[PDB]
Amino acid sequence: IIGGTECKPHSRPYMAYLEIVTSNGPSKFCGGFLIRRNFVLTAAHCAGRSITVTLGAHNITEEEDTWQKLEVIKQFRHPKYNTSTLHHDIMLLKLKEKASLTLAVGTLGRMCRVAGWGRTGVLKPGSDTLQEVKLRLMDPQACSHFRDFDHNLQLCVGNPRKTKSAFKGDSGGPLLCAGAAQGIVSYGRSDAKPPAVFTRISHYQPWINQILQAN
């Protein structure tokens, strides 16, 4: 998160920190959010050979009683996900067991808010602590320069006149508008110039229910 502020610890208790394993590289990291006690929603580009979810985190370098490190048994990447266009950048992770509900862990033109442990700058490292930024929902033409952006599939997020933005490592986290999840951090420019592209959750809600009901 570029241009945001540190959250009050555990103020966003649905937030999931994902450590993703690949066979041919070191670990990578994403966000996500707990939608059921045993399901986390994130972006498809966060898929890997294996994933661990950490719930209840604030300072992700300092283990604490709020932490629940949970095994992911199966990854449900959208079957039409496209690794070029990044259409359909949405994935469900089924957790091995249902999480514990605690104070720190629970399920989940206008201004919206996005939170994550991503980089605080193009050349800056990932944040130790959960950061949040408020971003403006843009008219789709503000994202035209992303040639494979589609207004029906995706939100266009963040005023190009501000430097505020999600960035690397914030992938898969929720954009909330008036307290409801509406987007998932998907992609943007390498220079972090807004706006960025978020998956439009509403479009995927039939697919989400299908997965939940079958698992």
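The numbering used is simple: start at 1 and walk along the sequence shown.
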* Structure fact -> Gap between residue 108 and residue 109, counted in deposited residues with no coordinates, falls in the class 10 or more
* Per the PDB record, is the mean Cα temperature factor higher over 169 to 177 or over 22 to 30? -> 22 to 30
* Asked: Of the two stretches 58 to 66 and 37 to 45, which shows the higher Cα B-factor on average in the entry?
  -> 58 to 66
* To do: Please pick out which of 101, 86, 72, 91 has the largest Cα B-factor as recorded in the entry.
  => 86
* Structure fact -> Of the three thirds of the chain ranked by Cα temperature factor, residue 13 occupies the lowest
* What third of its chain's C-alpha B-factors does residue 145 belong to: lowest, middle or highest? -> lowest
* Lowest, middle or highest third: where is residue 112 by Cα B-factor in its chain? -> highest
* Asked: Lowest, middle or highest third of the chain for the C-alpha temperature factor of residue 135?
  -> middle
* Asked: Is the Cα B-factor recorded for residue 190 in the lowest, middle or highest third of its chain?
  -> highest
